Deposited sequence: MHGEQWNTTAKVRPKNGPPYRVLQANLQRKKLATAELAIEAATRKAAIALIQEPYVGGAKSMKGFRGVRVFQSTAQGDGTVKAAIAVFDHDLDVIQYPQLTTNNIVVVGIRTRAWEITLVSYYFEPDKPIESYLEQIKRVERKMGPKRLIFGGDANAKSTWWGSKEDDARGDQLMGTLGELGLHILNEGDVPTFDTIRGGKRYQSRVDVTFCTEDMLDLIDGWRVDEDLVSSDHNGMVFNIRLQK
């Protein structure tokens, strides 16, 4: 009965999104928190995207593979960097968010978007996943850079808790790093487990991640 979630930065690779589809089928995943999707493989899959750019570029999206899962969109909260979507079942109602922060753009405006989502969406049932392009030992990075610090500060103000674990690089090229973060409201801990990094849930310099949403009660 666990709702499995996939988190991955596809880097606009046509192949990576094919791999993502294959992994979701295999793992029987219900959700995918995506960043940098390309522009096919997703048939009866509902996809919710962040505001598209002139050339059609979408930086974040949320794929729902579970055909019967109740979904609710929040156009007011979705931007060019984040997409917010609620999922509902008898057991609960969870607001999900997939985000992507450019490595060469001020993180400040993105932190405000996180705040806006948190306040205008209640202090409970929140799960965020994406590429923050920010380093912090709190999520296994080699060190705490200034971006990681700003993000951590924001997390602290919102009561958001890091789900990351281990030191497996979420980005490998050599050059390895952990810039992808997953965090949630306090109440979500106890409903989430199995957070791990698929050594290669894909093939686009970024490593996919996986975790479950249960009930335990």
Note to self, deposited ranges with zero CA coordinates are 1-17, 57-62, 197-201
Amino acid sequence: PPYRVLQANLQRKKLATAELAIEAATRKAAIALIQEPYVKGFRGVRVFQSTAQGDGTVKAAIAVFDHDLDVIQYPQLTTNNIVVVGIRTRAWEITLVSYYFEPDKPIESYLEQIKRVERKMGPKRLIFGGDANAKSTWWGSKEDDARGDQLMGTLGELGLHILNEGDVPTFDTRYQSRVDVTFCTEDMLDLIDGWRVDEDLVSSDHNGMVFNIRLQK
From here on, numbers count along this sequence of modelled residues.
Once you work out the mean C-alpha B-factor for both 84-92 and 97-105 from the entry, which is higher?
-> 84-92
194-202 versus 16-24 - which carries the larger mean C-alpha B factor in the record = 194-202
Out of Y38, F183, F48, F65, which one has a C-alpha B factor higher than all the others in the entry?
-> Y38
Criterion, highest CA B-factor; candidates, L189, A60, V179, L151 | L189
Assigned third (lowest, middle, highest) for the C-alpha B factor of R116 | middle
Going by the recorded CA B-factors, say which third of the chain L69 sits in, lowest, middle or highest.
-> middle
Which third of the chain holds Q7 when residues are ordered by C-alpha B factor: lowest, middle or highest?
-> lowest
Lowest, middle or highest third of the chain for the C-alpha temperature factor of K142?
-> middle
Cα B factor band for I34 (lowest, middle or highest third within the chain) = lowest
